[PDB]
Amino acid sequence: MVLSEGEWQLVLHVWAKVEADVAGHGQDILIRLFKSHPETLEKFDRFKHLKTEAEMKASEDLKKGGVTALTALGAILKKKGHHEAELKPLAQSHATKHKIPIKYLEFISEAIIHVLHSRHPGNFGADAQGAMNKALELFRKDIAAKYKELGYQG
Ligand code: HEM
């Protein structure tokens, strides 16, 4: 698929707001994912044990993982579609080392969209959400094709 430049602008305009507080957004998004889809928390051996939202809020490792995941995603979006090198190491560790199903990447995309909508209503109207959804479907479709080359799902 191909986003137009106007779509990339809408995505990079709300991402510039997320980058004012990367750790806070990282926490919100990982907690929204785990509450909504608790099976995904089993994939993180260093968190697994967390039982409540309060325990998640207070975990410095979960907050670090959020910053690590958002920073890598931010670096992919800033490429505007030219992200093949960035995607290679990321597809290899999520398919072979962590074993993350494409479905889980759909769940986090949902959690990202939920959090931006709550925190940034004025920059995340319908056209900006449509553009972010397109950018995340592009990311999921390029990662799924890599998985398939790497010997996982496809
Ligand atoms: C926007 C999507 C995602 C991005 C950009 C992302 C990025 C990363 C990055 C950069 C790391 C550190 C290096 C590495 O292992 O490759 C990481 C580790 C990890 N990711 Fe993700 N990830 C994404 C989605 C997910 C999802 C959905 C899950 C779980 C359902 C997952 C589970 C993990 C696990 C288990 C690790 C190891 C964490 C730890 O050992 O500290 N990732 N991810």
Side-chain angles (χ1 to χ4, degrees), residues 1 3 7-8 10-12 14-19 21-53 55-120 124 128-154:
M1 20 198 307
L3 272 81
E7 287 166 343
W8 281 123
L10 289 170
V11 164
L12 294 177
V14 69
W15 198 258
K17 307 305 182 196
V18 171
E19 287 186 328
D21 177 13
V22 180
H25 287 78
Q27 285 175 295
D28 281 9
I29 287 160
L30 281 190
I31 287 169
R32 147 110 306 194
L33 169 69
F34 301 148
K35 300 217 319 243
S36 285
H37 306 278
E39 61 269 28
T40 64
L41 179 59
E42 281 181 287
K43 290 291 175 172
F44 291 85
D45 271 46
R46 67 125 112 130
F47 292 154
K48 257 201 287 227
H49 57 309
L50 303 172
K51 298 159 183 295
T52 66
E53 181 169 348
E55 267 167 29
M56 283 173 198
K57 247 92 154 308
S59 161
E60 206 65 22
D61 275 352
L62 182 149
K63 175 212 313 207
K64 286 179 281 208
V67 164
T68 295
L70 285 197
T71 298
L73 176 57
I76 282 159
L77 295 173
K78 280 163 187 189
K79 286 327 282 299
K80 292 162 45 163
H82 302 94
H83 57 234
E84 46 284 305
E86 287 67 34
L87 233 54
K88 277 190 190 188
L90 168 69
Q92 182 173 48
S93 66
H94 284 55
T96 315
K97 173 32 220 218
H98 318 307
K99 277 117 208 160
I100 308 308
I102 296 308
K103 173 71 111 133
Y104 290 10
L105 302 179
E106 282 174 354
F107 297 160
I108 199 171
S109 290
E110 178 179 310
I112 285 164
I113 285 169
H114 176 87
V115 167
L116 301 190
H117 174 80
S118 330
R119 283 211 203 208
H120 302 293
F124 207 65
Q129 174 166 345
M132 183 58 85
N133 174 62
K134 202 165 172 204
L136 295 177
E137 299 194 342
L138 175 67
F139 165 70
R140 289 197 309 261
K141 124 132 132 22
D142 276 12
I143 265 262
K146 285 35 146 170
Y147 275 12
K148 212 230 193 262
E149 286 169 46
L150 293 170
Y152 179 65
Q153 328 189 84

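If you read the sequence from its start, that first residue is 1, and numbering goes on from there. All ligand and atom numbering here is 1-based and tracks the order in the structure.
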- request: Check whether any heavy atom of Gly65 sits under 4.0 Å from an atom of ligand 1.
  value: no
- prompt: Counting only heavy atoms, which portion of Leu90 has something under 4.0 Å from ligand 1: side chain, backbone, both, or neither?
  reply: side chain
query: Any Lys/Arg nitrogen of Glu137 or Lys134 sitting under 4.0 Å from an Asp/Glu carboxylate oxygen of the other?
result: no
Flag: protein heavy atom within less than 4.0 Å of atom 19 (C) of ligand 1: yes
Atoms of ligand 1 close to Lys43 [distance to a heavy atom under 4.0 angstrom, numbered from 1]: 35 (C)
field: Location of contacts on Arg46 toward ligand 1, heavy atoms closer than 4.0 Å
entry: side chain
message: Give me the residue, atom name and distance of the protein heavy atom closest to atom 37 (C) of ligand 1.
response: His98 CE1, 3.4 Å
field: Under 4.0 Å to a heavy atom of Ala69 - the qualifying atoms of ligand 1, by number
entry: 5 (C), 7 (C)
Option set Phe139, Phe34, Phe44, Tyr104, criterion heavy-atom distance to atom 34 (C) of ligand 1, minimum: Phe44
- request: Of all the heavy-atom pairs spanning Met132 and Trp15, show the shortest one and how long it is.
  value: CE-CE3, 4.3 Å
message: Using side-chain heavy atoms (C-beta onward) and a distance below 4.5 Å, is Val18 in contact with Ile112?
response: no
- prompt: Closest non-hydrogen protein atom to atom 26 (C) of ligand 1, residue and atom name please, with distance?
  reply: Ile100 CG2, 3.9 Å
query: Which ligand 1 atoms does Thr68 reach within 4.0 Å, using its non-hydrogen atoms?
result: 9 (C), 10 (C), 11 (C), 12 (C)
message: Restricting to N/O/S atoms, is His94 within less than 2.8 Å of atom 21 (Fe) of ligand 1 or not?
response: yes
Validation row: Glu86, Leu90 side chains within 4.5 angstrom (heavy atoms): no
- prompt: So, do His114 and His117 sit near enough that their side-chain heavy atoms are less than 4.5 Å apart?
  reply: no
- prompt: Between the candidates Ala111, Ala72, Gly66, which shows the shortest non-hydrogen contact distance to atom 10 (C) of ligand 1?
  reply: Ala72
- prompt: Right, does atom 42 (N) of ligand 1 have protein non-hydrogen atoms nearer than 4.0 Å?
  reply: yes
message: Could you check whether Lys57 pairs with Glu53 (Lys NZ or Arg NE/NH1/NH2 to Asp/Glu carboxylate O, under 4.0 Å)?
response: yes
- request: Using a strict 4.0 Å threshold on nitrogen-to-oxygen distance, state whether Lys78 and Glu19 make a salt bridge.
  value: yes
query: Under a 4.5 Å cut-off applied to non-hydrogen side-chain atoms, are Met56 and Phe47 in contact?
result: no
- request: Side-chain contact test, heavy atoms from C-beta onward, threshold under 4.5 Å: evaluate it for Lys80 versus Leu3 and give yes or no.
  value: no
message: I need the atoms of ligand 1 closer than 4.0 Å to a non-hydrogen atom of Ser93, numbered in the order shown.
response: 14 (C), 15 (O), 16 (O)
